[PDB]
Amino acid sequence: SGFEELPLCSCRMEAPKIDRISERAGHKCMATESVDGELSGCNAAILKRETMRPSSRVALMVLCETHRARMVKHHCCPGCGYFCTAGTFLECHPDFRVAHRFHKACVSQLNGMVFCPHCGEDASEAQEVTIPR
């Protein structure tokens, strides 16, 4: 029932390159962009072979430098693992020029209430945002 049970994201964590994830991907970025439910790939050439993911709900990804930059800004949804770069989505604003992006359907849920899946702040606080492509 308490805040301690809320999941927090892993957007800032990095896993070592010991599982050959980059090699199986051809050293191409594994990011998936979501724009109002339309999914698209990246496959840009990667520079670092360490892997990342916003939560353990999804598999680890090797990423291009642009998508690693967006991942550490909490622009990837921990619920589904898709990046929120354009279209409509929710943003939690814990501090100046900090935005945690996520889909309305991907909020954390505890005791019937909804929370930011990055940081655990109440999601009724979350603003709806529309960003052009």
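In case it trips you up, residue 1 is the first one in the sequence shown, and so on.
Judged by mean Cα B factor in the deposited record, 24-32 ranks above the other of 56-64 and 24-32.
Comparing the deposited coordinates for 70-78 and 96-104, the stretch with the larger average C-alpha B-factor is 96-104. Among the modelled residues of the chain, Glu38 sits in the highest third by CA temperature factor in this PDB entry. Per the deposited record, the Cα B-factor of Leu90 falls in the lowest third when ranked against the other modelled residues of its chain. For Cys11, the recorded CA B-factor ranks within the lowest third of the chain. Only modelled residues enter the ranking.
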